Structure formats: structure tokens, C-alpha cells
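Just below is one structure, and these are the notes that go with it.
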Protein chains: 2
Amino acid sequence: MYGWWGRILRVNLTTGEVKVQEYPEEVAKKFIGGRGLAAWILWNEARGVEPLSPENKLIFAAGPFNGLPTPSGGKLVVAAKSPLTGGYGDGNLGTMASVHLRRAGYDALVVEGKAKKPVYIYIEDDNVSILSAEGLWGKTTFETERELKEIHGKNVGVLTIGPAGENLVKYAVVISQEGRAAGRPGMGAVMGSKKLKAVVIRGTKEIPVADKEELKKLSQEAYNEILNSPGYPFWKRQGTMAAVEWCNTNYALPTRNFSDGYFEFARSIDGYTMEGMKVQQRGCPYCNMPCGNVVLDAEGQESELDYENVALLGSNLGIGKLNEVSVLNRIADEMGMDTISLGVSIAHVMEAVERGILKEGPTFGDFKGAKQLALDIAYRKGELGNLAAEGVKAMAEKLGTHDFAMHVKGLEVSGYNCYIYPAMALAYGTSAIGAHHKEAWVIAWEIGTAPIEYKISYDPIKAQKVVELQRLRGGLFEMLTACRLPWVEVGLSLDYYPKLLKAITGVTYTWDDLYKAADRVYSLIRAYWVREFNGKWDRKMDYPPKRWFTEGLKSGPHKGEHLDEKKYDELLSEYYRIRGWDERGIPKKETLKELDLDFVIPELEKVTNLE
Amino acid sequence: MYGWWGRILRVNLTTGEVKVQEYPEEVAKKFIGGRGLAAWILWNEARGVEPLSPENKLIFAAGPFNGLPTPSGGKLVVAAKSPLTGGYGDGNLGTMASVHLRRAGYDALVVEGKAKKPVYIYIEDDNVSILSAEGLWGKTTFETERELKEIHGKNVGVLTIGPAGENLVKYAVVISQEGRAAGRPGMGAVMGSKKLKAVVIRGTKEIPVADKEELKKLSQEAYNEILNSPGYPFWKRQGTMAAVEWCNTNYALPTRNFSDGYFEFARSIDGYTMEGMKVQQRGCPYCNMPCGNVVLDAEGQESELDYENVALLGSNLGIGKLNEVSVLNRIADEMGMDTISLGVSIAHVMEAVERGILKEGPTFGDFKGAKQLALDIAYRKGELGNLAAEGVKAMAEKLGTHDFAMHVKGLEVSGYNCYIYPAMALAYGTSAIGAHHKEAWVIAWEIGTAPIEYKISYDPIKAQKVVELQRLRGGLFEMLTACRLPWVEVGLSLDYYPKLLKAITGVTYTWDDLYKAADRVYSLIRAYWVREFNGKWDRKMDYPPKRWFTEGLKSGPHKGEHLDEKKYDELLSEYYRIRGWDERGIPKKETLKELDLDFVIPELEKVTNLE
Ligand code: SF4
Ligand code: SF4
């Protein structure tokens with residue numbers, strides 16, 4: 001076997017047992033890695049488990065591209081049954097831990113059980129130990145990684161959780177290298193529930209490559225193509241922050257809990273403003289187009305800015321000064337909580353306060369109040385911090401505020417306001433893990449323009465475009481696993497991927513093979529949700545928030561415009577037709593058989609009727 | 001006598017003598033105060049003196065508006081014979097020193113002589129002393145003022161020089177409250193040449209007012225008019241920083257030593273970027289429309305930004321990040337040196353380096369090199385730093401780089417590139433103290449738009465507009481002395497001024513009375529220059545820099561356009577006709593008699609032939 005090790009590191013925190021599981025080359029070829037491998041593991045090992053119980057499996061899954069010098073191939077997938085959504089949950093982050101896990105001889109790391117006290121997992125090739133982290137517990141993510149490196153050396157990959165993870169904030173994430181984050185659906189809370197403070201990894205092994213020279217050649221070509229792309233200069237300057245102006249121009253910038261798609265103060269929180277306050281730039285392993293832009297916040301502290309962070313903690317909160325939004329951003333990284341769900345939870349509180357629903361709490365534009373709430377959420381201080389720490393779905397159940405609860409499947413909607421964007425609304429509605437733009441950022445195509453540089457339509461071809469994008473963004477890139485931005489942003493040819501894959505693994509994958517592996521992952525993931533939800537499931541699970549159907553844009557040429565539910569419903573049926581799912585969004589028996597998921601049928605039938 | 005004290009504090013640092021000069025009420029009425037009073041004093045007391053010798057007079061002149069609660073009436077004029085230009089030199093700054101000097105019982109303070117060692121002047125009502133400042137010498141302006149208040153208390157007004165003043169940098173200024181500056185033509189160097197490190201002032205006396213009730217009424221109306229003006233909100237947000245975009249849009253933003261009027265990276269150093277970096281907002285005494293916008297620079301330090309500072313230290317130097325420009329800005333303030341002349345001098349060096357004329361030094365866009373040169377100028381360290389510390393006129397004589405030496409009469413050109421703006425070019429050409437936009441910011445009217453919110457033309461009305469603006473901006477406002485921005489930016493009515501002047505002094509001044517006093521000051525100032533130049537004077541003294549006639553814009557729909565020498569010369573003759581001046585730029589015997597300036601006739605006749 002080349003590329004894949006066929007090895008998965010297993011750590012049981014309850015028993016202290018550490019072992020290496022060998023999985024068949026057939027499974028590796030069939031699921032490829034990252035999310036695929038994770039979905040296979042969770043389907044088999046997390047049936048009916050409580051997300052915060054010792055039985056949940058915390059998975060760190062790499063893929064064949066990882067550990068090797070592949071173009072922006074320093075990504076890693078973190079997965080577990082989600083404490084926020086109750087379904088399959090995952091996330092991705094660039095981190096040296098990805099390079100080291102693979103160079104240490106493993107394709108993935110699976111943590112089960114729960115330690116008796118705070119501990120961290122140490123991995124140096126074949127030497128794996130569960131060590132006491134009593135001294136680290138309570139420290140920020142930044143401080144935890146800094147201290148671990150002060151002991152073991154700079155040459156290690158470190159994954160940590162901060163107080164939000166330790167306190168089981170439902171959208172707590174895993175942090176690496178002060179800025180890289182993974183696991184919006186609460187991977188950080190699953191990590192915290194096991195009393196797992198960090199993971200330190202070092203690898204030195206040579207990963208067996210089927211064609212060393214092709215690999216080295218293809219990689220050099222791709223790097224050069226990136227360096228020579230016309231978008232490279234502007235990408236180097238603004239990175240994802242170029243989307244603030246682009247979204248504002250197109251009425252897609254979430255403003256005041258998604259109330260409007262335009263923000264009057266977007267310029268003072270945009271990419272140009274960011275350029276003027278940038279002090280450093282860093283990136284993920286093996287990437288020659290770094291986009292981790294670091295600024296100084298209002299308190300003079302370094303903060304790494306990404307578009308989503310700014311959109312959800314800036315315009316979405318009615319906060320118009322980038323230096324202030326940057327303080328909130330830093331807090332999220334330090335505490336280890338998702339900037340998106342954090343911002344949407346805060347915005348939800350702000351709307352409830354302005355409406356008189358909540359007697360106390362911050363209002364839109366209130367930076368000091370937003371900062372205090374962010375901190376109270378991470379430390380679960382007071383009734384408000386505790387409520388908001390649960391996310392908008394849970395919070396809305398308690399407050400009767402479902403009308404303005406911006407989420408899909410319990411996962412908070414990200415940085416694109418879709419009052420007039422049917423395809424993007426469908427992307428959020430059908431995202432495998434819950435509302436996220438990860439799997440299909442189709443709004444650009446719907447508009448005809450993109451950040452590096454209108455008539456509302458429900459054409460069934462939009463459902464086809466979303467499935468196509470999900471195959472690449474929610475499948476391929478989450479399985480390799482590698483950054484999708486070189487392709488998305490600078491236009492690196494997708495042809496490099498199946499070639500790099502054969503050069504590495506020696507297996508020839510055609511685009512249809514890849515499209516099929518991605519579809520298998522999608523149906524398996526959906527199957528997981530259906531099974532864990534005990535068959536209680538229908539098409540409404542794939543609907544975007546009610547706000548986009550009952551309210552419209554508040555300003556500009558498109559004022560009053562919104563989504564037509566009837567037409568959205570028809571577009572959803574088209575999505576199901578293309579995926580081979582029934583009108584409830586559940587995979588059909590024939591579809592499962594065709595995707596080599598026969599094993600799913602018996603289990604799903606114990607819970608509902610299949611078609 | 002009301003309003004005016006009719007008293008001038010006299011401090012001789014050579015003899016240690018402190019006395020109070022009582023001057024005539026008719027002189028007070030005739031010159032009003034500020035620059036008018038200063039020009040009267042310099043004509044009489046700085047005849048033929050070397051600017052850096054003990055005989056030069058350093059004047060801190062206030063007017064009837066000062067010390068009283070008048071709308072933005074906390075300004076102060078600092079004047080002396082200029083070490084940079086060799087003629088009349090002055091500047092203005094907002095400072096509690098203004099309020100305290102007048103409440104202490106004086107209309108002005110005149111310092112003559114030179115101390116044997118560093119000293120500071122201490123003024124508390126009638127108690128005035130020259131005290132040792134040996135421990136303060138060498139400290140920054142910020143630290144000097146901070147330490148003085150730690151001794152004397154926070155309720156004092158303080159004026160200081162930093163190392164640039166101490167080291168006689170030709171464009172050294174006087175600084176107050178970390179950000180307020182005065183005296184571009186080297187007032188700081190004059191102060192430093194006297195070994196005067198600072199002036200600390202405290203006043204408690206009630207200033208006699210003709211009509212206290214009218215004064216209170218008018219000020220209140222004016223304050224409310226400011227608060228309710230349509231421009232108030234945007235002014236509060238961006239202040240003068242709104243000019244970066246306005247100038248860039250109009251090809252008037254000095255870029256790379258005025259090479260072009262358009263900067264490709266203007267957005268990253270503009271007013272919106274500043275808003276996203278603002279952490280504090282300060283202002284001058286008695287102002288309800290504060291514009292001292294404080295940001296954190298690239299090193300996390302506070303830096304108060306003004307348009308000119310950013311245009312001359314940013315676009316003019318090819319530096320496109322506001323955080324970096326802010327480091328240069330803070331250095332200028334700390335060292336006590338003019339941001340404009342500093343930037344124009346650094347830009348001059350950058351062009352000479354690029355052109356190979358200088359073999360060592362910073363080039364455009366080199367922030368680290370610019371910072372090092374700014375520090376070397378302040379401390380006069382090295383041949384290059386010592387040369388640039390002399391100003392562009394002097395530096396150009398040594399390097400043979402007159403072609404790109406942007407100055408008029410030795411004073412560096414400010415933040416408006418006039419390749420296609422004849423009236424603004426004439427404003428710079430005729431400015432009483434040398435190149436400055438202070439006396440006539442006519443570019444706004446020439447274009448038809450303003451920052452608060454084209455066809456070239458040499459229409460003789462342009463000269464009439466420059467004269468009208470000079471009467472107000474270089475006359476009235478420099479004599480009161482009060483901020484001209486409420487009127488300029490927010491549209492406060494000019495009708496308040498004659499009414500407040502009457503309520504204060506009891507003397508009624510019709511607009512014609514004020515225009516005559518302003519022209520009187522302009523002709524007296526002109527007479528001072530001619531006299532001091534020993535009659536060596538002609539119309540070329542009032543010409544804009546050669547570059548605006550010799551080259552044109554480098555981009556935009558106006559690419560290649562420049563000023564025309566013949567049409568400019570005709571426009572200048574129109575300016576002379578309106579002012580009653582020779583074709584050499586010297587007042588006519590009839591004009592001098594007209595303005596009650598007969599005493600200057602004998603003096604000018606001794607040096608040249610009058611008309
Ligand atoms: S483009 Fe950005 S997110 Fe992608 S690998 Fe590079 S630094 Fe990481
Ligand atoms: S408008 Fe600005 S410069 Fe004028 S008095 Fe007010 S704070 Fe000072």
C-alpha cells in the first residue's frame with residue numbers, strides 16, 4: 001500500500017490503553033481520508049452515543065496528501081458526533097499536527113473515553129503517551145501551545161482547546177498556531193468532555209510514495225501556477241477579507257443578526273482597512289499563498305483575521321470598527337470558540353434585547369457589551385452567558401425566538417445573507433454538517449462576480465451546481481485533505497488533484513470515481529443523521545431559516561425581496577432527485593446499494609421505512 | 001479697554017529680566033491679536049536679526065477670543081523670524097496654554113535672548129520665573145509635558161520642543177498635548193536656539209468683557225449650530241482624514257514627492273481605515289467638534305492623525321499602510337518636527353536616491369528606511385540626516401536637485417498637488433509665510449466639491465477668491481485667534497465672529513473693517529520679507545514649484561496636464577492689482593498709506609525702489 005499507512009492510532013483515555021488499528025486498503029480507497037474516513041469510523045463506533053459522554057469518538061483524520069509536500073496540503077479534519085447538532089459533525093484546520101501525524105506513521109488518531117484528570121496526548125513516531133495536563137488546564141489556547149513548545153521544542157504540531165472547550169460551550173473548537181481553527185459543531189467541547197487539553201505530535205518517517213518524481217514534479221508545477229496567477233497579488237494583500245466589500249456590494253453581508261444584507265459601516269471593517277493595520281502574515285503548512293493576516297486590535301494585541309470572523313463579529317453585531325471586532329476575534333481564538341456561532345449567538349441575544357424579549361444584555365453596536373458576553377460565554381458566567389453558550393437553536397427554544405434563530409440543523413448560518421440567493425440558501429439548507437458555506441459557496445456563481453476581482457432565479461440547474469460543488473468542497477478537499485482556496489481563489493487547475501492522488505497512492509481515480517466517493521460520503525453522513533435522530537426526519541431539516549422566507553432585505557435596489565418557499569421547496573426536490581434521496585431527504589435503498597453502502601440499509605430500516 | 005488686556009509679557013533669557021509691556025489700545029484695535037500682533041512686534045523688534053541668534057523674538061500671541069468660552073477659541077499663534085525661510089514665520093496650535101496665557105493677564109508672551117543652559121518659563125498669573133530645565137533637555141515632547149504636569153499639576157497649559165527643536169532642525173515645531181503642533185517655518189528651532197525647553201502656564205483671572213450676556217448667548221447659539229449641522233456626524237467620524245479620498249479622487253493627493261496626484265494604495269491610509277483604527281478622540285480647548293483622532297500605530301503606540309501628516313508621510317513617501325504612516329507621525333510629534341516639511345524632505349531624498357543622485361538612503365515605499373531617516377533628522381545623526389534637517393530648499397542647493405524641490409519661499413508645499421489647479425497653486429505661491437494651504441484652501445472651490453461630503457481655468461476671479469480667503473484664513477482667524485474649521489468644515493456662520501468680537505471688546509468691526517485689518521497684516525508681513533531680504537525681491541518669490549509647470553499628472557483622465565507659466569503670471573499680476581502691489585510683489589506707497597502702514601515706507605525705500 002502506498003500513500004495511506006492503513007494505520008489509525010487509538011487512544012482510550014478511560015483505560016489508558018494505546019493501540020494501532022489496521023484498516024484494509026479497500027476502506028482507504030473507498031473513503032480516501034479525512035471526512036470520509038471519519039464518517040466510516042463514526043457510523044461504526046458512535047451509534048446512539050451522547051455527544052459529551054466518554055463513548056463519543058473524537059477523530060483527527062488526515063488523508064494521503066498530508067505529511068507530504070503537496071500544494072496547501074497541510075489540512076486536518078476533526079470529527080465527532082456533534083454536541084451542538086446531535087448529528088455528524090466535523091471541521092478542518094491547517095496545522096503542523098497534520099504533517100506530523102502522518103509522518104509519525106498514522107492516517108488518523110481516534111480518542112475515546114474520558115481521562116480522570118486533565119491530560120494531553122503526546123505522539124512522537126511510535127512513542128505515544130497520555131500525560132498529565134493539570135498545569136495547563138484553564139490556560140488559553142495560545143498559552144497552552146506556547147508552554148508545550150517551551151518544553152518539547154518548536155518542531156511539533158499542537159492542537160489545543162481553551163476555556164470554552166473546557167467549559168463545554170456547544171460551539172467550542174480546536175485551535176492550532178494562534179488562529180487556525182476546526183470544528184464549529186462543537187469538536188472543542190467533545191475534546192473538553194474527555195478532559196483532553198491538547199495533542200502534541202512529531203513525526204519523522206518517510207511516507208511511502210508510489211511515484212516520488214511525479215509527486216515532486218506536479219507539486220512544483222502547481223506552486224508555480226499559484227505564484228503566477230493574476231489573483232495572487234491581491235490574494236496576498238487581502239486574503240478572504242476581500243469578501244467584506246464584495247458581500248456588501250451584493251447585499252449578502254450579514255448585518256444585525258442577518259436583518260439586512262448591507263452595513264453602513266462596512267468600509268471601516270473591510271479588506272482595505274485590514275491592509276492598513278496588518279503587522280504579520282502567516283499560513284498553513286506547505287502553502288505558498290499564506291492568508292493568515294495578522295493585525296493589531298484596539299488593545300494592541302495581535303489578531304488573525306478571516307472574513308467570517310469579521311462578518312459575524314462585525315456587521316452581524318452592528319460593530320463598525322475593525323480594531324474592536326479584532327478584540328472579539330482574538331477572544332474567540334484564545335478561548336477556543338467558533339467565531340461564527342459565537343457571533344450569531346451574540347447577534348441573536350442583541351435582537352432579543354432590542355425587542356424587549358431579554359430584559360438585559362448587549363444591543364447592536366455595543367462593543368463593550370459584546371466583549372463581556374463573549375467572555376461570559378467562554379467561562380459560562382451567569383444565566384446569559386450560559387444560555388448563549390448553547391447556541392441559537394437551544395437558546396431560541398428557551399426564549400421562544402425561533403423567528404430570528406439563524407441556523408440549519410442547529411449549526412449557525414455563516415457569512416452570507418441569502419434573502420435573494422436561492423442556490424446559496426439551498427447550500428446552507430443541505431450542508432452535511434448543518435449551516436456552513438464550506439461545502440458549497442455558490443453565491444459567487446449565482447452573482448457572476450467574485451471577491452478577488454441581478455435577478456432572483458430558481459432554475460433546477462442550481463441544485464445541480466450545489467451537488468457539483470459539494471462533491472469537490474465537502475468531498476474531495478475534505479478527504480485529501482487539502483486547502484480548497486488555491487482553486488477557489490487563484491484558479492489553480494483541479495486537474496492536479498487526481499494526478500497527485502495517483503502519484504501518491506498509485507491508484508488511478510477518474511473524476512467520476514471521485515464524484516462517486518464524495519456522494520458515498522454524503523449519503524453515509526445523511527444516514528448517520530437519520531439513524532441518530534431515530535428516524536425522526538423530513539425535508540424541513542434541509543430548509544434554510546424562516547427569516548429568509550418571511551422577511552426581506554431592508555435597503556438598496558432589492559429592498560423587500562426574499563425567498564419564495566414554494567419555489568425553494570421545488571428546488572429542494574431537484575436536489576433530492578439528483579442525489580437519489582426521497583422527499584424526506586433520506587437516501588433510497590437503490591442509491592445506498594449503488595454507492596456501496598448496503599450496510600446502511602438494515603440500520604436505517606430499524607428506525608424508518610426506506611424507499 | 002475690554003477683551004484685550006493691553007499687556008504683553010516680556011521674558012529676556014539672556015538677562016533673566018521679566019517685565020510686562022503695556023501697548024496702546026489703538027494698536028490692539030489695529031492689529032487685533034495673534035499674527036497681527038506678532039507681525040507688529042517682529043517689524044519693530046526683529047529688524048535684520050539672524051533667525052537662530054539671541055536677538056530673534058519668539059512670540060506666543062493670543063487674541064481677544066482666547067481665554068474665554070468662544071467656539072473653538074483655544075488656538076494660539078507662535079511666530080518669529082524664520083530660520084527656514086529667512087522671512088516672517090508663524091504657525092498656530094490649539095492648547096490649554098492659549099486659555100491660561102490670557103487668564104494669566106497677558107495678550108502675548110515674547111521671549112528674547114538665550115539662556116546659558118536649558119530652561120523653561122513658568123507662568124502662574126503674576127508669578128513668572130525662568131527655571132532650570134537641565135533634567136528635561138533631550139526628552140520627547142510627550143515626556144516633557146508629562147513630567148512637568150507631574151510636578152505642577154494637571155491644570156496648566158504646556159508648550160514644548162523635542163530633540164528636533166533642541167537640535168535646530170529647520171522645520172522643528174512647538175508641541176502641546178501630544179499632537180497639537182505650531183510653527184512649520186522652524187518656530188521649534190527658534191525656541192531651541194534660545195535653550196528654551198518649555199513654557200508652563202496657569203491663569204485664574206477673569207478677563208474683562210464688554211457684554212458678558214451677549215458673549216454667552218452667541219457662543220451657545222454657535223455651539224448648537226455646530227451640533228446640528230448636517231456635517232457634524234461625518235466630521236466626528238473622519239475629521240480632516242476625509243481629504244485622503246477626496247484628494248485621490250481629484251488627482252490632488254501628493255504621491256512620491258508630488259510626482260503624481262493619485263496613489264494606488266490610498267484606501268489603506270484613508271479616513272475609513274483610520275475609523276477602523278481609532279481608539280481615542282481629543283481636541284483643542286472650547287471645541288465641541290473634536291478632530292484629534294488617535295489610532296494605534298504598527299508598534300501599538302498612540303498616534304494622533306491629521307490629513308497633512310498622512311498625505312506627506314504616506315502617499316508622498318509611497319507608503320500605503322496607515323499603521324506604518326502612524327509610526328512616522330508619532331515620531332514627528334515626539335521629536336517636535338513638522339510632519340509636512342519632514343515628509344517633503346524625506347520624499348526629496350527618496351527621489352534623489354532613485355535617480356542615483358544620492359548613493360545611499362531610503363527609496364519610495366521603504367518604511368524602515370523612512371523611519372530611520374526621520375530619527376536621524378531629529379537627532380541630526382549622519383550626513384544625510386543633517387542635510388535633510390535643513391529643508392528641501394537648502395538640501396537642493398547642495399545636491400543640485402532644484403527640479404524636484406517642492407517649496408515656495410523655503411517652506412515645503414503641503415498636502416495638495418496642484419498640476420491642474422491654478423488657484424491653489426497661486427495660494428501656495430502667495431502664502432505670507434511660504435508654501436502652506438493655511439491661508440487659502442481654494443482647491444475645494446476650484447473643484448466644486450469638498451471632503452466633508454473638471455476643466456483648468458486661469459480666470460482672474462481666481463485671484464480675487466485667493467485674496468478673500470486670505471483675509472479670513474490668514475487674517476481674521478489668525479488674529480482672533482480661533483479655529484477656522486467650524487466655518488470651513490461644518491458651515492458655521494461667519495456672522496458670529498464680528499458679533500462675538502463686539503461682545504468681547506465692545507468695538508464694532510464691520511466686515512470691511514476686518515478686511516482692511518487683514519490686508520494691513522498682509523502688507524506689513526510682505527514689507528517684513530522685503531526688508532529682511534535687503535530689497536532682493538521679485539514676482540518669482542510668489543511662484544509655485546517648477547515641477548508643476550515642467551511635468552504633468554502621471555495618470556487618470558488628466559494625465560500629462562500641468563500649469564501654464566504665462567497664464568499663471570497673468571493671474572499673479574491680478575493678485576497684485578487686487579492687493580495694490582508692484583509687479584515685483586512689493587506694496588505700493590499708496591497702498592501702505594491706505595492700510596495705515598506709513599512707517600514702513602522709509603524702511604523699504606532704504607533697501608529698494610518703491611512704487
Ligand atoms: S490559502 Fe490560507 S487557508 Fe489555504 S492553506 Fe494557504 S494559508 Fe491555509
Ligand atoms: S475642529 Fe479640530 S483643530 Fe479645530 S478647534 Fe476643534 S479639535 Fe481643534
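So you can find residues: chains in the C-alpha cells are A, B, ... in the order shown, residues in each start at 1, and ligands are numbered from 1 in order.
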Environment of ligand 2 within 7 Å, counting only C-alpha atoms and all ligand atoms, reported as number ranges by chain: B: 72-74, 94, 282-285, 287-292, 483-486
Can you work out which residues are within 12 Å of ligand 1, considering only C-alpha atoms and all ligand atoms, and then hand them over as a ChimeraX atom specification? /A:66,70-76,92-96,98,176-177,179-182,223,226,232,235-236,238-241,281-294,304-307,477,481-492
Chain A contacts on chain B, only C-alpha atoms, 7 Å, as a VMD selection string: chain B and resid 267 to 269 272 to 273 275 to 277 279 298 300 321 to 323
Just the residues within 12 Å of residue A:3, please, counting only C-alpha atoms, with nothing from its chain fewer than 2 positions along; format it as a CSV table (one decimal) with C-alpha atoms, in the first residue's frame.
```csv
chain,number,residue,atom,x,y,z
A,1,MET,CA,0.0,0.0,0.0
A,5,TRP,CA,-0.5,3.8,6.0
A,6,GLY,CA,-3.6,1.7,6.6
A,7,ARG,CA,-3.0,2.6,10.3
A,25,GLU,CA,-6.7,-0.8,1.7
A,28,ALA,CA,-8.8,3.6,2.4
A,29,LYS,CA,-9.5,3.5,-1.4
A,32,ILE,CA,-9.8,8.2,0.9
A,33,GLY,CA,-9.3,10.0,4.1
A,62,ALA,CA,-5.7,13.2,7.7
A,63,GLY,CA,-5.5,11.9,4.2
A,64,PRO,CA,-3.0,10.8,1.5
A,65,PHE,CA,-1.9,14.3,0.7
A,66,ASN,CA,-1.0,15.0,4.3
A,67,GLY,CA,2.6,14.7,5.6
A,68,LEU,CA,3.8,15.2,2.0
A,102,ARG,CA,1.2,11.4,9.0
A,103,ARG,CA,5.0,11.5,9.3
A,105,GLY,CA,3.0,6.7,10.8
A,106,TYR,CA,-0.7,7.3,11.1
A,107,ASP,CA,-3.6,8.2,8.8
A,206,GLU,CA,9.2,8.6,5.2
A,207,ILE,CA,5.7,8.1,3.9
A,208,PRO,CA,5.8,5.5,1.0
A,209,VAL,CA,5.0,7.3,-2.3
A,210,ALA,CA,4.1,5.3,-5.5
A,211,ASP,CA,5.9,7.9,-7.8
A,212,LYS,CA,8.3,10.2,-6.0
A,215,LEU,CA,4.8,13.9,-7.0
A,480,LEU,CA,-7.4,14.5,0.7
A,500,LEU,CA,-1.3,13.9,-7.3
A,501,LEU,CA,-3.5,11.2,-5.9
A,502,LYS,CA,-2.2,8.5,-8.3
A,503,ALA,CA,1.4,9.7,-7.9
A,504,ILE,CA,1.0,9.2,-4.1
A,505,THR,CA,-1.2,6.2,-3.8
A,506,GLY,CA,-0.5,4.6,-7.1
A,507,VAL,CA,-4.3,4.3,-7.6
```
Pick from A:436, A:116, A:540, A:566, whichever lies nearest to residue A:585 using only C-alpha atoms: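 Comparing A:436, A:116, A:540, A:566 against residue A:585, the winner is A:540.
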Length of the atom CA of residue A:101 to atom CA of residue A:149 vector [Å]: 16.5 Å
Where in stretch 293-471 of chain B does DSSP assign strand (DSSP E or B), given as a ChimeraX atom specification? /B:293-296,302-305,337,407-408,411-412,432,434
May I ask which of the residues A:453, A:438, A:216, A:122 is the closest one to residue A:233, counting only C-alpha atoms?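 Checking each candidate against residue A:233, we get A:453 as the closest.
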Those in stretch 199-408 of chain A with helix (DSSP H, G or I) from DSSP, as a PyMOL selection string: chain A and resi 212-227+232-249+266-269+271-275+307-313+315-317+322-335+339-354+367-379+382-388+392-399+402-404
Selection near residue A:594, 12 Å with only C-alpha atoms, sequence-local residues under 2 positions removed, as a PyMOL selection string: chain A and resi 516-517+519-520+523+579-580+587-592+596-601
Please provide as number ranges by chain all residues within 6 Å of stretch 342-350 of chain B, with the sequence filter that same-chain residues fewer than 5 positions apart are discarded (counting only C-alpha atoms). B: 257, 312-313, 317, 362-364, 388, 391-392
Residues from last step as file, N, CA, C and O atoms, as an mmCIF file, in the first residue's frame:
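And here's again13.cif as it stands now:
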```cif
data_model
loop_
_atom_site.group_PDB
_atom_site.id
_atom_site.type_symbol
_atom_site.label_atom_id
_atom_site.label_comp_id
_atom_site.auth_asym_id
_atom_site.auth_seq_id
_atom_site.Cartn_x
_atom_site.Cartn_y
_atom_site.Cartn_z
ATOM 1 N N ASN B 257 6.857 62.332 -3.765
ATOM 2 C CA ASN B 257 7.412 63.679 -3.936
ATOM 3 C C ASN B 257 6.641 64.481 -4.993
ATOM 4 O O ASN B 257 7.224 65.149 -5.865
ATOM 5 N N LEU B 312 1.687 63.640 3.532
ATOM 6 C CA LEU B 312 3.119 63.857 3.370
ATOM 7 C C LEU B 312 3.992 62.743 3.896
ATOM 8 O O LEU B 312 5.117 62.571 3.433
ATOM 9 N N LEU B 313 3.475 61.961 4.837
ATOM 10 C CA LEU B 313 4.249 60.845 5.376
ATOM 11 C C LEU B 313 3.763 59.513 4.815
ATOM 12 O O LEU B 313 4.352 58.472 5.091
ATOM 13 N N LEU B 317 5.347 59.519 0.340
ATOM 14 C CA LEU B 317 6.526 58.658 0.513
ATOM 15 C C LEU B 317 6.317 57.275 -0.108
ATOM 16 O O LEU B 317 7.158 56.381 0.052
ATOM 17 N N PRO B 362 16.887 56.016 1.782
ATOM 18 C CA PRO B 362 15.628 55.305 1.522
ATOM 19 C C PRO B 362 15.037 55.663 0.147
ATOM 20 O O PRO B 362 15.330 56.721 -0.417
ATOM 21 N N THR B 363 14.217 54.763 -0.381
ATOM 22 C CA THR B 363 13.534 54.966 -1.654
ATOM 23 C C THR B 363 12.040 54.963 -1.351
ATOM 24 O O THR B 363 11.636 54.706 -0.220
ATOM 25 N N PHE B 364 11.217 55.218 -2.358
ATOM 26 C CA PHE B 364 9.782 55.235 -2.146
ATOM 27 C C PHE B 364 9.258 53.893 -1.690
ATOM 28 O O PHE B 364 9.733 52.857 -2.147
ATOM 29 N N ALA B 388 19.005 66.641 5.334
ATOM 30 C CA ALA B 388 17.542 66.688 5.261
ATOM 31 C C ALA B 388 16.930 67.534 6.374
ATOM 32 O O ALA B 388 15.822 68.048 6.224
ATOM 33 N N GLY B 391 15.857 71.220 5.310
ATOM 34 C CA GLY B 391 14.721 71.564 4.457
ATOM 35 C C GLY B 391 15.095 71.333 2.992
ATOM 36 O O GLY B 391 16.294 71.261 2.650
ATOM 37 N N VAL B 392 14.099 71.233 2.114
ATOM 38 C CA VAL B 392 14.369 70.975 0.693
ATOM 39 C C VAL B 392 15.067 72.084 -0.080
ATOM 40 O O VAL B 392 15.832 71.789 -0.997
#
```
